[PDB]
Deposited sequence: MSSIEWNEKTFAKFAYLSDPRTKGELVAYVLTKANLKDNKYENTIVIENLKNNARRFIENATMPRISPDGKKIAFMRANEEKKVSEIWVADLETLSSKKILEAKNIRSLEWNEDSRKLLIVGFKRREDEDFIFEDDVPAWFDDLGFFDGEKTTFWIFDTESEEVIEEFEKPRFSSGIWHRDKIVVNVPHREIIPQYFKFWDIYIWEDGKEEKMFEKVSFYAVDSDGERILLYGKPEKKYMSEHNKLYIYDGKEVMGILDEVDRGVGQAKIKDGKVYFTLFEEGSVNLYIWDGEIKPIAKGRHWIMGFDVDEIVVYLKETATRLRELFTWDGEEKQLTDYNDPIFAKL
């Protein structure tokens, strides 16, 4: 079989991704590549690569058989002394704080709870923990956490709605009540919201909105397309659109401009100093590319 790439990530001039190949069973491996060197590192049986903004550390998930546990590890990129920091039944998200110190882990140990752990690198331990209803999710907003929780109602509902809180040190305030979007990213100032506008919950497409404490501002209101994945970085939002057989990557900075548009589908991207993504085509499996204004191919596992 071929090499199947997942979960492209970048910070500084490092890029990382998951490589899936088959011996017995299928095998995941994190590859870490420097973009002025091209030498590669290897974490075996690892998934969910997340590297700190400052580039000193990488967190990851390792699947574990027998105990049937999902493990969270953290390692120094230099010395590479990895250590297991947490165990859970399942992990839904893993995200570094801007300070390259705190890690947010969301996962599962009426009914079930989503657990949010905050790991500290200096203490070298989990320092806070809280629980929310099921299907909850969260993201860092500076040192606060923006938490999405499903909207609970006694009146039967046809559409699915969300409450959104901002959380800090055990206390929280409700941002939105019964809305049709949820928070997916933040640049520490603007929160990026994915979904449908308030009262137009019956609308056709998932789109994007920015919120800073003043008003909710759509950035795709007049584009009749649906969004795949989106990120925000320094006030600019990077996002993928479903467009007639293709999935294309765009940037918004007040104007929508294309990063990677064509007969392809972009399946995962990340952006720090340089935009990185996985692009697949009809004939070729997804390879890793970079984009600094111009596209460059970084991987060629599936040559043929």
| property | result |
| --- | --- |
| Missing residue ranges, deposited sequence indexing starting at 1 | 1-12, 35-37, 125-147, 343-347 |
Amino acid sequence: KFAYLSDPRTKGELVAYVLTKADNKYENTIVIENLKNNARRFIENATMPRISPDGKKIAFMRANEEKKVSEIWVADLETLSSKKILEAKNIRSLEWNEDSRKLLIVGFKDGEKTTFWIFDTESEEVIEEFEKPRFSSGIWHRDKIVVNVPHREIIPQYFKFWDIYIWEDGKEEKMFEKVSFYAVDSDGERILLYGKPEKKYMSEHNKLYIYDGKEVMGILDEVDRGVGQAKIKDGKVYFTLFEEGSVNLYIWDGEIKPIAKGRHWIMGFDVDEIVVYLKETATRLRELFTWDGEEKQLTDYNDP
From here on, numbers count along this sequence of modelled residues.
item: 204-212 set against 78-86, stretch whose average Cα temperature factor tops the other in the entry; value: 78-86
item: Stretch with the greater mean C-alpha B-factor as recorded in the entry, comparing 215-223 against 130-138; value: 215-223
item: Lowest, middle or highest third - CA B-factor, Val247; value: lowest
item: Within-chain third of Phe269 by Cα B-factor, per the entry; value: middle
item: Lowest, middle or highest third - CA B-factor, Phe181; value: lowest
item: Record-listed C-alpha B factor of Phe108: chain third; value: middle
item: Chain-wide C-alpha B factor ranking for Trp73, given as lowest, middle or highest third; value: highest
